[PDB]
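All remarks here apply to the structure that follows.
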Amino acid sequence: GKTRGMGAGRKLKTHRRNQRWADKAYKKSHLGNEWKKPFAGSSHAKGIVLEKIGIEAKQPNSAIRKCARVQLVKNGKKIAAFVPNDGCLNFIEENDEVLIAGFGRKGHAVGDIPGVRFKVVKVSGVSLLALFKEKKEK
Amino acid sequence: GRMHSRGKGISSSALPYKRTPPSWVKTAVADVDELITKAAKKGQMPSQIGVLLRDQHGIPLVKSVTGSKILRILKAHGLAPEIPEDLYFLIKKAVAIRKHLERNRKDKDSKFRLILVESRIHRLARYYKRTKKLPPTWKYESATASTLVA
Amino acid sequence: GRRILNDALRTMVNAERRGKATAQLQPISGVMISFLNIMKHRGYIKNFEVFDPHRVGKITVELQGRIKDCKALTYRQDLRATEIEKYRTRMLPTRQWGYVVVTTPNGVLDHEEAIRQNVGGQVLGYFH
RNA sequence: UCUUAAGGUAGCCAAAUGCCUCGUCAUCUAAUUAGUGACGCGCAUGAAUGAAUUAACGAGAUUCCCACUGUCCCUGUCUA
RNA sequence: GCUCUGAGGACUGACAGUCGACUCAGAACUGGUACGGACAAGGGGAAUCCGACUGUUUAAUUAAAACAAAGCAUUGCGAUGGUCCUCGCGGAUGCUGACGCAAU
RNA sequence: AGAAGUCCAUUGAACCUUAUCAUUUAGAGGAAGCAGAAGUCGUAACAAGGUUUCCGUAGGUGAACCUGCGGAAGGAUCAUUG
RNA sequence: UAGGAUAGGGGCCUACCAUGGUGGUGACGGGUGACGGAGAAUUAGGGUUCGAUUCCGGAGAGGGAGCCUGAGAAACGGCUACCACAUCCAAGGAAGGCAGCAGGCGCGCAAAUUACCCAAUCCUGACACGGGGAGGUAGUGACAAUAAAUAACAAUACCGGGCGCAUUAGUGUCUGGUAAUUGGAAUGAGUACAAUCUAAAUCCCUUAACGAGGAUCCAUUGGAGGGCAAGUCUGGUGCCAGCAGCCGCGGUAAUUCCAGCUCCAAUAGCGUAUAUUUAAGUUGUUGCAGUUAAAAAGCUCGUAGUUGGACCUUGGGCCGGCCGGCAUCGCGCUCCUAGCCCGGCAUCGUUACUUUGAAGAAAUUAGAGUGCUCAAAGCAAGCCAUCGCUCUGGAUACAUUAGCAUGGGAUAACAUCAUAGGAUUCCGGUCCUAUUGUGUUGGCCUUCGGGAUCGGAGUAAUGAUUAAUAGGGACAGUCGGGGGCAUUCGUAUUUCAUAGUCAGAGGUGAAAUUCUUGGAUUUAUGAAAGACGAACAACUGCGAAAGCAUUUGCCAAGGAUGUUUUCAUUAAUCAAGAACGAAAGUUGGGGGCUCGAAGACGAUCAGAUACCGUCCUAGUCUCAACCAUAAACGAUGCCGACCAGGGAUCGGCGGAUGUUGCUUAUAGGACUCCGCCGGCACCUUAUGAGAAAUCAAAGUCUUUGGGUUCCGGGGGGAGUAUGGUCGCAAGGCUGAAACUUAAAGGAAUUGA
Ligand SMILES: [Mg+2]
Ligand SMILES: [Mg+2]
Ligand SMILES: [Mg+2]
Ligand SMILES: [Mg+2]
Ligand SMILES: [Mg+2]
Ligand SMILES: [Mg+2]
Ligand SMILES: [Mg+2]
Ligand SMILES: [Mg+2]
Ligand SMILES: [Mg+2]
Ligand SMILES: [Mg+2]
Ligand SMILES: [Mg+2]
Ligand SMILES: [Mg+2]
Ligand SMILES: [Mg+2]
Ligand SMILES: [Mg+2]
Ligand SMILES: [Mg+2]
Ligand SMILES: [Mg+2]
Ligand SMILES: [Mg+2]
Ligand SMILES: [Mg+2]
Ligand SMILES: [Mg+2]
Ligand SMILES: [Mg+2]
Ligand SMILES: [Mg+2]
Ligand SMILES: [Mg+2]
Ligand SMILES: [Mg+2]
Ligand SMILES: [Mg+2]
Ligand SMILES: [Mg+2]
Ligand SMILES: [Mg+2]
Ligand SMILES: [Mg+2]
Ligand SMILES: [Mg+2]
Ligand SMILES: [Mg+2]
Ligand SMILES: [Mg+2]
Ligand SMILES: [Mg+2]
Ligand SMILES: [Mg+2]
Ligand SMILES: [Mg+2]
Ligand SMILES: [Mg+2]
Ligand SMILES: [Mg+2]
Ligand SMILES: [Mg+2]
Ligand SMILES: [Mg+2]
Ligand SMILES: [Mg+2]
Ligand SMILES: [Mg+2]
Ligand SMILES: [Mg+2]
Ligand SMILES: [Mg+2]
Ligand SMILES: [Mg+2]
Ligand SMILES: [Mg+2]
Ligand SMILES: [Mg+2]
Ligand SMILES: [Mg+2]
Ligand SMILES: [Mg+2]
Ligand SMILES: [Mg+2]
Ligand SMILES: [Mg+2]
Ligand SMILES: [Mg+2]
Ligand SMILES: [Mg+2]
Ligand SMILES: [Mg+2]
């Protein structure tokens with residue numbers, strides 16, 4: 001079991017240090033790969049739309065989830081990005097400037113959408129919610 | 001338990017309560033010093049000395065008769081073991097094992113036993129060298145081991 | 001090996017949780033006798049007879065079945081007279097009874113005595 | 001399905017073995033029938049007729065690169 | 001190149017006397033930056049193909065990727081025998097013997 | 001006293017050749033994993049899954065797999081005083 | 001060491017000499033999206049993450065390098081040179097450095113003014129006096145924090161429950177709501193004379209006349225299946241669009257989509273996104289888990305690490321109301337503190353622990369006081385006859401460690417009196433300094449003071465804790481299919497040979513390939529070869545695990561038991577390191593019986609590369625050398641303690657009569673009864689544990705701590721890529737990430 005000796009402080013600190021790595025979240029934060037991810041440790045990331053594509057939905061559902069392949073201007077990555085709402089995709093257009101936010105679940109794909117981690121919240125610097133709710137149109 | 005096998009037995013000697021010698025032991029402590037020195041000068045180690053007193057001359061315990069242990073009598077008269085008893089016996093054992101093993105190169109269980117005996121020699125020698133009963137650089141040389149014993 | 005004051009405390013716990021009347025403890029110590037004295041003085045066991053023939057020693061305690069638990073915190077910590085008070089909550093059933101037995105330079109003695117005399121020590125164990 | 005005594009297995013390759021042939025792709029190049037790495041329906045590779053590799057070696061065959069130079073641009077001149 | 005410094009020993013009576021041909025470090029000064037000053041004296045690297053290497057080979061056009069090679073394998077033979085020579089009588093391996101002779 | 005110049009030093013940027021370390025990125029082809037879709041072929045496994053299952057190692061086969069030598073039961077036996 | 005240089009120590013540098021310094025307690029190197037700290041968030045405790053930032057310390061001025069002036073600079077709002085960048089040019093040259101304030105480009109998810117002022121705080125100058133983009137003020141400011149509007153009160157009214165009776169009424173009491181209902185009240189948001197504020201303006205705090213009819217002076221953000229509080233509303237859409245953080249909704253009756261009404265939650269805020277803390281006892285020191293779910297190394301030895309048995313007086317007390325002070329059977333005091341001969345005094349082991357104290361930068365944190373209106377704050381402020389000033393405050397706490405000091409001396413290390421070189425009041429010898437008798441400086445010396453050495457007499461209780469239900473070692477009789485070398489033996493199988501006899505035999509559910517009148521199978525006899533050691537053989541022994549069965553001998557070892565033997569802590573577990581490690585496998589000799597991966601055939605089959613059968617290679621066996629893995633299993637590391645019952649059985653031992661197909665009689669040996677150890681187990685039971693199956697050890701765990709090692713953190717990817725390293729090779733040891741996914745898995749229950 002445990003080493004409870006009084007002079008084994010070194011042994012127990014070293015043990016916890018080596019074993020803190022078999023925890024996934026710690027390894028993910030202290031291994032550095034968030035800085036090889038597309039945002040590279042960013043909250044949002046602005047980019048340009050290359051084409052509105054549309055991707056199928058996983059087996060229990062059945063749909064065409066309307067996504068847009070965008071390119072990130074901070075680091076040159078290309079990704080997919082959902083356009084969340086009914087009909088709201090049309091406001092997006094090819095080579096419009098869009099802010100790619102997180103789509104939820106903390107960097108892991110969400111819902112029935114295969115291989116999408118990113119949502120579009122702004123296009124041409126105008127709130128995508130604002131165009132959905134006709135508050136302020138681009 | 002037993003250090004180099006998983007035996008866990010508890011057989012041993014249990015010394016009687018009365019530290020004072022029993023009545024019929026009227027032995028004269030000078031005469032038992034003579035007896036110890038005669039048996040030691042006869043070439044013999046303290047274990048056999050104690051056996052002979054217990055069995056032949058009816059001395060229950062040397063420390064009950066004299067108050068002085070066998071080794072400390074022998075040290076006082078300068079007949080002590082130049083190599084301490086049990087280390088002597090372990091070296092004799094390992095010399096015997098190795099003399100057999102140089103003729104039987106394919107006796108692997110005795111390779112294991114010799115590794116155990118030399119492990120035991122080295123632990124006991126480390127103790128004796130911290131207690132200053134052996135020279136501080138006395139080292140069990142397997143090559144020059146056969147002379148020091150038997 | 002041995003770390004007695006455990007060979008003994010878990011022996012009394014086993015014996016009392018079963019309901020035995022007299023338990024015998026194969027090793028003894030100044031710590032053993034001074035510990036059992038704290039239990040008896042606080043009124044948790046009755047008398048006990050220390051067989052000291054000529055060897056390590058032996059004890060036989062005569063239980064009242066009024067003790068509920070006793071434990072040794074081997075890994076004997078250190079203990080100032082301010083964190084008396086966050087062990088007394090940490091180990092004990094409540095703020096009312098139960099005692100932590102801390103060796104102190106005024107001999108082995110429990111935690112309320114330790115606070116009154118304003119000394120710290122090293123926790124040996126506890127009982128409640 | 002016909003057929004054989006057995007239907008070329010492990011590997012290997014336009015190889016000193018590939019007619020087609022200057023094969024197709026990549027690299028080397030400003031430009032490459034050359035070289036190398038691949039691909040293999042292999043005219044006609046293939047297992048002591050030995051297969052595939054392989055450090056060291058080599059007055060052995062080839063290819064690129066650095067320094068070097070009258071080899072050349074492009075000839076001149078001196079000596080026996 | 002020149003002038004030096006230092007280290008490295010022998011013999012005779014931890015020091016003194018005498019002797020010692022050579023090697024190795026370092027510094028100064030100096031020159032038309034010349035110093036292995038004549039001579040003597042490896043060009044180097046990245047890869048392929050072949051043969052393992054050393055060795056031998058067509059004297060007088062082929063020096064090799066060819067042959068030999070160690071290594072591996074196969075075959076025959078126990079003496080009244082195997083391989084071979086002789087016209088014959090006989091002989092080689094054999095002053096040998098299977099860890100041997102012989103044939104690939 | 002003193003400037004230009006100059007000398008021998010010391011610090012020394014900066015450029016250049018080579019080696020080397022690290023972080024990215026190209027590559028014909030080779031070969032992994034994942035996921036999708038309404039595909040082809042089989043029946044390996046779960047019942048004694050119709051050859052009990054599986055573990056080490058060796059070889060072979062379109063693929064699952066098979067077979068040998070050894071092990072186990074997580075076996076289909078807690079049992080021969082019948 | 002000698003020196004140089006510096007303000008100065010110093011390999012800071014030089015010359016010479018030496019070869020050292022550091023490292024499993026992690027050196028060196030590598031990463032850091034790393035300036036350090038005070039501190040920030042979260043916090044039951046423990047902790048986890050963060051710290052560019054206004055306070056302190058350091059560093060830097062585009063990158064480096066070098067300098068002058070000066071007390072102070074290797075200074076950049078100073079210079080010199082180079083590199084990058086760039087400006088003016090009359091074409092020669094010259095001038096540069098916003099990580100100062102403001103601003104512009106660019107980068108980016110992401111950050112205000114090219115404003116005013118020295119009036120406050122402080123600095124600076126030759127200085128009451130100038131300057132201060134330090135600093136303060138005004139402007140943008142939903143970074144965060146505070147207080148806090150958007151209505152209140154009434155009776156009428158269709159009503160709606162008691163209560164006036166409750167009956168049978170009816171209306172009636174807190175006013176509950178739909179009331180643009182009806183009504184007079186109140187007010188600030190806003191506007192505005194002013195005043196005050198201000199360095200000048202401005203915000204605020206005050207306030208003249210304005211400033212309310214619920215449409216307006218209008219409150220939103222997210223939802224209404226569950227988690228999660230709130231629609232079995234109404235239309236559209238039809239597995240489409242879409243929602244949905246997860247589960248899921250949507251395929252024509254959608255509470256989930258899209259919308260209207262209604263409702264809910266928070267409300268001047270609320271969601272989304274990433275990082276991070278809690279949840280998370282899913283990082284577990286407090287506090288996890290390893291039989292079967294992820295996970296005990298194959299096994300043992302082992303160095304450092306960690307951990308370590310018992311014992312040594314504060315044992316009885318007077319004392320005065322926890323202690324002062326006190327005696328016994330308190331090794332000394334000459335010196336300070338030193339009593340009306342006297343407590344309580346120095347130097348002749350270290351620490352760790354704890355107590356008290358010092359010293360601890362402020363801001364922060366807690367916390368006191370105080371009516372800024374409260375508040376977040378702030379460090380103010382309060383009464384006088386609120387008339388010529390009184391009372392003042394501006395506390396305290398913490399501060400983990402390291403360091404300094406006093407007292408405690410249980411607990412635990414380190415250290416160490418058996419060779420006595422030990423302790424002890426004394427005596428003089430080896431030799432030296434010198435003071436008051438050197439009134440001066442002093443200086444060798446007579447009894448004298450002190451080293452240091454030094455011999456002998458003296459005394460003392462003369463100086464070593466027991467022998468662990470720890471360990472080693474010894475001796476005795478045993479025990480074992482433990483090991484090695486040699487060795488006898490057994491039938492059987494194969495082939496052979498000899499002899500007989502004649503149509504089959506081998507194989508299967510069935511066949512054939514195969515052997516067979518060159519006599520197969522079958523019978524007996526003999527030989528040869530090489531493997532295997534039946535039955536006895538077990539819920540049995542030995543072994544560290546792997547494993548180990550014919551006989552006898554030799555060789556060496558081993559547990560247990562027995563012991564009034566010895567030593568005395570010598571011990572436990574163990575990163576590095578080391579031995580053994582089944583089968584298969586690899587290299588090379590020996591052998592080549594049986595079996596047999598590969599391979600070939602014969603059947604089966606849709607196929608059959610397999611199951612079945614026949615032939616058969618390597619292999620199977622021995623030796624020499626490797627390999628280093630197994631479901632290497634008890635899927636249960638090792639040492640130790642306690643806890644429940646019983647009979648079996650193996651080994652040893654002790655005690656009992658009662659008979660031997662034994663024995664010169666007893667003893668012994670075989671058997672029976674009882675009891676101790678020590679094994680492998682086994683059976684019933686919870687009073688226990690657990691997810692349970694199950695477990696008497698997997699128990700003595702939320703009432704959680706005996707020690708120690710290894711190891712797991714969802715499932716895959718994957719024991720894969722790479723790097724290293726051992727190996728001839730197969731391989732072994734070490735060993736990720738991307739990306740994928742919402743389950744994978746365990747135990748038991750019903751069914752099928
Ligand atoms: Mg799903
Ligand atoms: Mg051990
Ligand atoms: Mg024991
Ligand atoms: Mg082929
Ligand atoms: Mg051919
Ligand atoms: Mg070809
Ligand atoms: Mg060319
Ligand atoms: Mg090619
Ligand atoms: Mg061919
Ligand atoms: Mg050929
Ligand atoms: Mg050549
Ligand atoms: Mg050659
Ligand atoms: Mg040569
Ligand atoms: Mg020729
Ligand atoms: Mg030639
Ligand atoms: Mg002949
Ligand atoms: Mg199947
Ligand atoms: Mg099967
Ligand atoms: Mg099965
Ligand atoms: Mg097969
Ligand atoms: Mg087969
Ligand atoms: Mg000096
Ligand atoms: Mg940085
Ligand atoms: Mg600062
Ligand atoms: Mg800059
Ligand atoms: Mg500076
Ligand atoms: Mg500077
Ligand atoms: Mg500036
Ligand atoms: Mg600025
Ligand atoms: Mg909605
Ligand atoms: Mg809705
Ligand atoms: Mg809900
Ligand atoms: Mg609800
Ligand atoms: Mg949402
Ligand atoms: Mg919903
Ligand atoms: Mg986790
Ligand atoms: Mg987690
Ligand atoms: Mg867990
Ligand atoms: Mg498991
Ligand atoms: Mg150790
Ligand atoms: Mg016959
Ligand atoms: Mg047996
Ligand atoms: Mg037998
Ligand atoms: Mg393993
Ligand atoms: Mg295992
Ligand atoms: Mg195990
Ligand atoms: Mg018995
Ligand atoms: Mg028994
Ligand atoms: Mg995992
Ligand atoms: Mg499983
Ligand atoms: Mg199940």
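Residue numbering restarts at 1 for every chain of the structure tokens, chains are lettered A, B, ... in their displayed order, and ligands are numbered from 1 as they appear.
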
Contacts of ligand 20, 6 Å or closer, only C-alpha atoms (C1' of nucleotides) and all ligand atoms, given as a list in words
residues 60, 66 and 67 of chain F

For the residues in the current selection, export N, CA, C and O atoms (P, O5', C5', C4', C3', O3' and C1' of nucleotides) as a PDB file, in the first residue's frame.
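File result05.pdb, as written:
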ATOM      1  P     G F  60       6.142 -19.643 -43.165  1.00  0.00           P
ATOM      2  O5'   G F  60       4.714 -20.228 -43.539  1.00  0.00           O
ATOM      3  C5'   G F  60       4.578 -21.414 -44.299  1.00  0.00           C
ATOM      4  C4'   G F  60       3.140 -21.855 -44.369  1.00  0.00           C
ATOM      5  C3'   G F  60       2.161 -20.876 -44.987  1.00  0.00           C
ATOM      6  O3'   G F  60       2.196 -20.856 -46.398  1.00  0.00           O
ATOM      7  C1'   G F  60       1.238 -21.768 -43.021  1.00  0.00           C
ATOM      8  P     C F  66      -8.984 -21.920 -35.237  1.00  0.00           P
ATOM      9  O5'   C F  66      -8.107 -22.789 -36.237  1.00  0.00           O
ATOM     10  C5'   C F  66      -8.695 -23.613 -37.228  1.00  0.00           C
ATOM     11  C4'   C F  66      -7.633 -24.383 -37.966  1.00  0.00           C
ATOM     12  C3'   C F  66      -6.667 -25.139 -37.075  1.00  0.00           C
ATOM     13  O3'   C F  66      -7.128 -26.433 -36.775  1.00  0.00           O
ATOM     14  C1'   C F  66      -5.456 -23.839 -38.622  1.00  0.00           C
ATOM     15  P     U F  67      -6.818 -27.058 -35.349  1.00  0.00           P
ATOM     16  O5'   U F  67      -5.378 -27.674 -35.538  1.00  0.00           O
ATOM     17  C5'   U F  67      -5.043 -28.405 -36.701  1.00  0.00           C
ATOM     18  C4'   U F  67      -3.553 -28.499 -36.828  1.00  0.00           C
ATOM     19  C3'   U F  67      -2.829 -28.637 -35.511  1.00  0.00           C
ATOM     20  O3'   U F  67      -2.851 -29.942 -34.988  1.00  0.00           O
ATOM     21  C1'   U F  67      -1.772 -26.991 -36.805  1.00  0.00           C
TER      22        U F  67
END

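Near segment 485-492 of chain G, within a cut-off of 9 Å and counting only C-alpha atoms (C1' of nucleotides), sit the residues residues 103 and 104 of chain B; 533, 550, 551, 552, 553, 554 and 555 of chain G, with same-chain residues fewer than 6 positions away left out.
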
File dump, residues just selected, N, CA and C atoms (P, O5', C5', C4', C3', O3' and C1' of nucleotides), as a PDB file, in the first residue's frame:
ATOM      1  N   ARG B 103      33.384 -28.767  -9.730  1.00  0.00           N
ATOM      2  CA  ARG B 103      33.290 -30.066 -10.374  1.00  0.00           C
ATOM      3  C   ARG B 103      31.941 -30.306 -11.022  1.00  0.00           C
ATOM      4  N   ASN B 104      30.894 -29.658 -10.525  1.00  0.00           N
ATOM      5  CA  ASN B 104      29.557 -29.762 -11.107  1.00  0.00           C
ATOM      6  C   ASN B 104      29.158 -28.385 -11.622  1.00  0.00           C
TER       7      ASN B 104
ATOM      8  P     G G 533       8.905 -39.547 -18.110  1.00  0.00           P
ATOM      9  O5'   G G 533       8.647 -40.961 -17.423  1.00  0.00           O
ATOM     10  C5'   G G 533       7.354 -41.354 -16.981  1.00  0.00           C
ATOM     11  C4'   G G 533       7.302 -42.834 -16.672  1.00  0.00           C
ATOM     12  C3'   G G 533       7.416 -43.208 -15.198  1.00  0.00           C
ATOM     13  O3'   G G 533       6.686 -44.410 -14.973  1.00  0.00           O
ATOM     14  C1'   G G 533       9.168 -44.209 -16.380  1.00  0.00           C
ATOM     15  P     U G 550      12.091 -41.982 -11.447  1.00  0.00           P
ATOM     16  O5'   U G 550      11.837 -43.533 -11.620  1.00  0.00           O
ATOM     17  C5'   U G 550      10.873 -44.192 -10.819  1.00  0.00           C
ATOM     18  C4'   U G 550      11.265 -45.624 -10.601  1.00  0.00           C
ATOM     19  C3'   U G 550      12.571 -45.827  -9.856  1.00  0.00           C
ATOM     20  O3'   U G 550      12.409 -45.793  -8.449  1.00  0.00           O
ATOM     21  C1'   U G 550      12.606 -47.086 -11.836  1.00  0.00           C
ATOM     22  P     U G 551      13.624 -45.349  -7.497  1.00  0.00           P
ATOM     23  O5'   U G 551      14.660 -46.537  -7.632  1.00  0.00           O
ATOM     24  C5'   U G 551      14.333 -47.845  -7.206  1.00  0.00           C
ATOM     25  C4'   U G 551      15.553 -48.719  -7.256  1.00  0.00           C
ATOM     26  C3'   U G 551      16.756 -48.173  -6.512  1.00  0.00           C
ATOM     27  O3'   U G 551      16.724 -48.491  -5.136  1.00  0.00           O
ATOM     28  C1'   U G 551      17.407 -48.788  -8.685  1.00  0.00           C
ATOM     29  P     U G 552      17.129 -47.393  -4.048  1.00  0.00           P
ATOM     30  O5'   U G 552      18.694 -47.600  -3.878  1.00  0.00           O
ATOM     31  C5'   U G 552      19.242 -48.903  -3.769  1.00  0.00           C
ATOM     32  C4'   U G 552      20.677 -48.940  -4.230  1.00  0.00           C
ATOM     33  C3'   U G 552      21.568 -47.820  -3.731  1.00  0.00           C
ATOM     34  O3'   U G 552      22.015 -47.980  -2.399  1.00  0.00           O
ATOM     35  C1'   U G 552      21.894 -48.078  -6.036  1.00  0.00           C
ATOM     36  P     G G 553      22.277 -46.674  -1.506  1.00  0.00           P
ATOM     37  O5'   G G 553      23.660 -46.119  -2.053  1.00  0.00           O
ATOM     38  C5'   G G 553      24.796 -46.962  -2.098  1.00  0.00           C
ATOM     39  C4'   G G 553      25.921 -46.356  -2.895  1.00  0.00           C
ATOM     40  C3'   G G 553      26.351 -44.955  -2.509  1.00  0.00           C
ATOM     41  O3'   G G 553      27.152 -44.922  -1.343  1.00  0.00           O
ATOM     42  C1'   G G 553      26.204 -45.109  -4.850  1.00  0.00           C
ATOM     43  P     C G 554      27.071 -43.666  -0.348  1.00  0.00           P
ATOM     44  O5'   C G 554      27.944 -42.557  -1.074  1.00  0.00           O
ATOM     45  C5'   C G 554      29.314 -42.793  -1.340  1.00  0.00           C
ATOM     46  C4'   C G 554      29.855 -41.820  -2.353  1.00  0.00           C
ATOM     47  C3'   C G 554      29.720 -40.353  -2.000  1.00  0.00           C
ATOM     48  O3'   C G 554      30.690 -39.888  -1.082  1.00  0.00           O
ATOM     49  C1'   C G 554      28.968 -40.667  -4.186  1.00  0.00           C
ATOM     50  P     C G 555      30.288 -38.742  -0.034  1.00  0.00           P
ATOM     51  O5'   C G 555      30.087 -37.456  -0.944  1.00  0.00           O
ATOM     52  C5'   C G 555      31.145 -36.980  -1.754  1.00  0.00           C
ATOM     53  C4'   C G 555      30.690 -35.866  -2.653  1.00  0.00           C
ATOM     54  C3'   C G 555      29.987 -34.719  -1.967  1.00  0.00           C
ATOM     55  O3'   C G 555      30.864 -33.867  -1.265  1.00  0.00           O
ATOM     56  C1'   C G 555      28.798 -35.297  -3.901  1.00  0.00           C
TER      57        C G 555
END

Any residue with an atom at most 7 Å from ligand 36 counts, using only C-alpha atoms (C1' of nucleotides) and all ligand atoms. Which are they? Put them as a VMD selection string.
(chain A and resid 23 to 25) or (chain G and resid 282 713)

Leaving out segment 96-102 of chain C and any residue of its chain fewer than 2 positions from it, which residues lie within 8 Å of it when counting only C-alpha atoms (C1' of nucleotides), given as a list in words?
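Residues meeting the cut-off are residues 35, 38, 88, 92, 93, 94, 104, 108, 109, 110, 111, 112, 114, 120, 121, 122, 123, 124, 125, 126, 127 and 128 of chain C.
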
I want to know what sits within 10 Å of segment 114-117 of chain B, based on only C-alpha atoms (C1' of nucleotides), with residues of the same chain fewer than 4 positions away left out; could you give that as a VMD selection string?
(chain B and resid 3 to 5 90 to 91 93 to 98 101 108 to 110 121 to 123) or (chain G and resid 300 to 301 557 578 to 579)

Do you know which residues are at most 8 Å from segment 103-120 of chain A counting only C-alpha atoms (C1' of nucleotides), after dropping those on the same chain fewer than 5 positions away, and could you put them as a VMD selection string?
(chain A and resid 55 to 61 65 80 to 84 98 128) or (chain G and resid 244 to 245 273 to 274)

Which residue, B:37, B:131, B:144, B:23, has the smallest gap to chain G when you use only C-alpha atoms (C1' of nucleotides)?
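Using only C-alpha atoms (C1' of nucleotides), the shortest distance to chain G belongs to B:131.
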
DSSP helix (DSSP H, G or I) residues within chain A, listed as a VMD selection string:
chain A and resid 9 to 22 24 to 29 33 to 35 88 to 91 128 to 132

Saved selection, atoms kept: C-alpha atoms, as a PDB file, in the first residue's frame:
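Okay, this is what ended up in out_34.pdb:
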ATOM      1  CA  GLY A   9       8.495  12.727   1.899  1.00  0.00           C
ATOM      2  CA  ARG A  10      10.741  12.562  -1.143  1.00  0.00           C
ATOM      3  CA  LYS A  11       9.306   9.213  -2.177  1.00  0.00           C
ATOM      4  CA  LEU A  12       5.730  10.342  -1.919  1.00  0.00           C
ATOM      5  CA  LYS A  13       6.258  13.695  -3.655  1.00  0.00           C
ATOM      6  CA  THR A  14       8.070  11.961  -6.515  1.00  0.00           C
ATOM      7  CA  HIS A  15       5.351   9.339  -6.754  1.00  0.00           C
ATOM      8  CA  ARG A  16       2.570  11.907  -7.027  1.00  0.00           C
ATOM      9  CA  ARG A  17       4.668  13.827  -9.538  1.00  0.00           C
ATOM     10  CA  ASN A  18       5.177  10.815 -11.828  1.00  0.00           C
ATOM     11  CA  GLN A  19       1.566   9.638 -11.466  1.00  0.00           C
ATOM     12  CA  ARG A  20      -0.062  12.989 -12.076  1.00  0.00           C
ATOM     13  CA  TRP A  21       0.669  12.261 -15.728  1.00  0.00           C
ATOM     14  CA  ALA A  22      -1.685   9.301 -16.088  1.00  0.00           C
ATOM     15  CA  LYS A  24      -5.831  12.830 -18.960  1.00  0.00           C
ATOM     16  CA  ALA A  25      -6.707  16.446 -18.182  1.00  0.00           C
ATOM     17  CA  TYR A  26      -3.349  17.194 -16.568  1.00  0.00           C
ATOM     18  CA  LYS A  27      -1.452  15.543 -19.396  1.00  0.00           C
ATOM     19  CA  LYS A  28      -3.499  17.537 -21.888  1.00  0.00           C
ATOM     20  CA  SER A  29      -2.768  20.840 -20.199  1.00  0.00           C
ATOM     21  CA  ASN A  33      -0.496  20.396 -27.602  1.00  0.00           C
ATOM     22  CA  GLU A  34      -3.078  23.126 -27.095  1.00  0.00           C
ATOM     23  CA  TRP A  35      -0.341  25.188 -28.754  1.00  0.00           C
ATOM     24  CA  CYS A  88     -29.088  31.351 -40.945  1.00  0.00           C
ATOM     25  CA  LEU A  89     -26.432  29.782 -43.199  1.00  0.00           C
ATOM     26  CA  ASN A  90     -27.415  31.994 -46.111  1.00  0.00           C
ATOM     27  CA  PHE A  91     -26.058  35.107 -44.390  1.00  0.00           C
ATOM     28  CA  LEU A 128     -24.887  36.238 -36.360  1.00  0.00           C
ATOM     29  CA  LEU A 129     -27.516  36.242 -33.635  1.00  0.00           C
ATOM     30  CA  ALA A 130     -28.351  39.775 -34.753  1.00  0.00           C
ATOM     31  CA  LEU A 131     -29.043  38.603 -38.286  1.00  0.00           C
ATOM     32  CA  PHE A 132     -31.078  35.655 -37.039  1.00  0.00           C
TER      33      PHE A 132
END

Just the residues within 10 Å of residue 38 of chain G, please, counting only C-alpha atoms (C1' of nucleotides), with nothing from its chain fewer than 3 positions along; format it as a PyMOL selection string.
chain G and resi 55-56+361-364

Let me see the file: selected residues, C-alpha atoms (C1' of nucleotides), as a PDB file, in the first residue's frame.
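Result written to out_37.pdb:
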ATOM      1  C1'   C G  55       4.591  47.968  -3.551  1.00  0.00           C
ATOM      2  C1'   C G  56       9.708  45.841  -3.312  1.00  0.00           C
ATOM      3  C1'   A G 361       8.257  46.263   5.011  1.00  0.00           C
ATOM      4  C1'   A G 362       3.813  48.630   3.861  1.00  0.00           C
ATOM      5  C1'   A G 363      -0.863  47.611   0.582  1.00  0.00           C
ATOM      6  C1'   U G 364      -3.711  42.592   0.840  1.00  0.00           C
TER       7        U G 364
END
